[PDB]
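# Residue-level structural notes
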2 protein chains.
Amino acid sequence: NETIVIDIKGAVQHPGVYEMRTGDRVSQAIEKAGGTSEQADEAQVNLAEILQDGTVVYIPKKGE
Amino acid sequence: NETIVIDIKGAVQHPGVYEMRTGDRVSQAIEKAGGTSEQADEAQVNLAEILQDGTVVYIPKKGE
């Protein structure tokens, strides 16, 4: 199969575990998770990294 | 398939994640992102580097 699961913790509206398509990107996970939280610092996160399976996508908070 | 996705952080008008054609250039990403910000320093960035997939394109600010 060509589906994937991802753990989306950090500064997002609905952190949790989501199922993505095999070739998706971090920017898609954040959208899948409702969207970014108003305390997030996306500058140090690569939003076009290919999502690997059974991995974490942490969205840092400003000042971390 | 022959498309690509790119992270455009830095001094641009619309930073974010954009989809480029496989053989595009940094000068094209900047234009796709609305254009340079009025605080950008184009001297320290190579504007015809081949865009690689799932990578960041940081546009420094003057004085960085």
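Each value, and the rule that gives it
- Residues numbered from 1 in each chain as written, not as in the entry; some residues may be left out.
- Chains lettered and ligands numbered in written order.
- Heavy atoms only, no water.
- Contact = heavy atoms within 4.5 Å.
- Buried area = accessible area lost by both parts, 1.4 Å probe.
- Salt bridge = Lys/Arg side-chain N within 4 Å of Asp/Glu carboxyl O.
- Helix = DSSP H or I, 4+ residues; strand = E, 2+ residues; numbered from the N terminus.
- Nonpolar A, V, L, I, M, F, W, Y, C, P; charged D, E, K, R; others polar.
- Buried < 20%, exposed > 50% of the residue type's maximum accessible area, 1.4 Å probe, protein only.
- Pairing = 2+ DSSP bridges.

For this coordinate set, the PDB header names X-ray crystallography as the determination method and states a resolution of 3.20 Å.

## Section: the interface of chain B and chain A
Across the contact, nine residues belong to chain B and seven residues belong to chain A. Interface area for chain B against chain A, summed over the two sides, is near 550 Å², with a carbon-plus-sulfur share of 56%. At the junction of chain B with chain A, the criterion picks out one salt bridge. Residue B:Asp53 pairs with A:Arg25 through a salt bridge whose shortest N-O separation is 2.7 Å. Per element, the largest residue contribution to the side of chain B that touches chain A is three residues, and it comes from strand β1 (residues 3-8) of chain B. For the side of chain B that touches chain A, a count of residues per class yields four nonpolar, two polar and three charged.

## With respect to the pairing of strand β1 (residues 3-8) of chain A
Residue and element names in this part refer to chain A. Here β1 shows a buried face lined by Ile 4, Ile 6 and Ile 8 and an unburied face lined by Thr 3, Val 5 and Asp 7. The pairing of β1 with strand β2 (residues 16-21) spans six bridges and is antiparallel. Bridge pairing in β2 places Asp 7 opposite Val 17.

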